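Each remark here refers to the structure printed beneath this line.
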Amino acid sequence: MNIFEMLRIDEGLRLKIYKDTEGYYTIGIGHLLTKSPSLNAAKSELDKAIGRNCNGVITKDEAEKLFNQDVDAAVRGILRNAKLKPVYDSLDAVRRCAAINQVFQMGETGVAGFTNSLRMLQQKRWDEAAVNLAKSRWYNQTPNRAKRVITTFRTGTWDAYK
Ligand SMILES: [Cl-]
Ligand SMILES: [Cl-]
């Protein structure tokens, strides 16, 4: 198991513009296009990202390309973040994937606000962090996935991903 396979599992793969769980236009492997409700704005953003007239649809390769850039962007965002970096570097590899997951889903921003949990993770208080993490909008709105990530952080193994 690795980050790509993990996220591919959590985000799915769709080749036509779609609405995510929050109702926003997205495409591919969870690639958010825009928060605007204008489909058109979405198509535009799509073409600009891909570099061609897409008409709302892309290929697998295109999707995968966006996914690579996106994983990469997330790691980098973590590294550049002063609140995040230290936590991240203190964790083992599996758990690192779990942090990337969250960041990919909610942004550097959001994760940066999980102050208490962050500290717990840094101190290696797994069970504790896990309970904390569940007291959040994040878990409440997308509980099966959040459960998987949380278990990942809790255990340091890939069992949630079976
Ligand atoms: Cl792009
Ligand atoms: Cl879910």
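Simple scheme: letters A, B, ... for chains in structure tokens order, numbers from 1 for residues in each chain, numbers from 1 for ligands in the order shown.
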Which protein, DNA or RNA residues have an atom within 6 Å of ligand 1, counting only C-alpha atoms and all ligand atoms, as a list in words?
residues 49, 50 and 66 of chain A
Give me, as CSV, the closest atom pair and its distance (Å, one decimal) for every residue of chain A within a cut-off of 6 Å of ligand 2, counting only C-alpha atoms and all ligand atoms, rows sorted by chain and rising number.
residue,atom,partner,partner_atom_place_in_ligand_line,distance
A:142,CA,ligand 2,1 (Cl),3.9
A:143,CA,ligand 2,1 (Cl),4.9
A:144,CA,ligand 2,1 (Cl),4.0
A:145,CA,ligand 2,1 (Cl),4.0
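Closest approach to residue 160 of chain A among A:21, A:115, A:146, A:59 is made by A:146 (distances from only C-alpha atoms).
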Separation of atom CA of residue 32 of chain A from atom CA of residue 3 of chain A, in Å and rounded to one decimal
18.2 Å
Residues near residue 134 of chain A, cut-off 9 Å, only C-alpha atoms, skip fewer than 3 positions along chain, as a list in words:
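The contact residues come out as residues 129, 130, 131, 137, 138, 139, 140, 143, 146, 147 and 150 of chain A.
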List every residue of segment 26-119 of chain A that DSSP, applied to the backbone, labels as helix (DSSP H, G or I), and write the result as number ranges by chain.
A: 39-50, 60-80, 84-90, 93-112, 115-119
Just asking: which residues within chain A are strand (DSSP E or B) according to DSSP, as an MDAnalysis selection string?
chainID A and resid 14:19 25:28 31:34 57
Any chance you could export the current selection's C-alpha atoms as a compact mmCIF listing (two decimals), in the first residue's frame?
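Output file part_16.txt is given in full below:
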# COMPACT_ATOMS: atom_id res chain seq x y z
CA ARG A 14 -14.24 9.90 -12.45
CA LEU A 15 -13.50 11.15 -15.93
CA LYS A 16 -16.45 13.60 -16.27
CA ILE A 17 -16.96 16.76 -14.10
CA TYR A 18 -18.76 15.84 -10.87
CA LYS A 19 -19.95 17.24 -7.60
CA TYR A 25 -17.14 20.75 -8.99
CA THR A 26 -14.37 18.30 -9.13
CA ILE A 27 -12.90 15.80 -11.51
CA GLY A 28 -10.54 12.86 -11.78
CA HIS A 31 -9.28 17.14 -8.15
CA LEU A 32 -11.25 20.12 -7.01
CA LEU A 33 -11.98 22.46 -9.73
CA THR A 34 -13.79 25.28 -8.12
CA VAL A 57 -14.28 15.31 -19.82
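Distances to residue 82 of chain A were evaluated for A:127, A:11, A:5, A:108 using only C-alpha atoms, and the minimum falls at A:108.
Distances to residue 152 of chain A were evaluated for A:106, A:111, A:98, A:58 using only C-alpha atoms, and the minimum falls at A:98.
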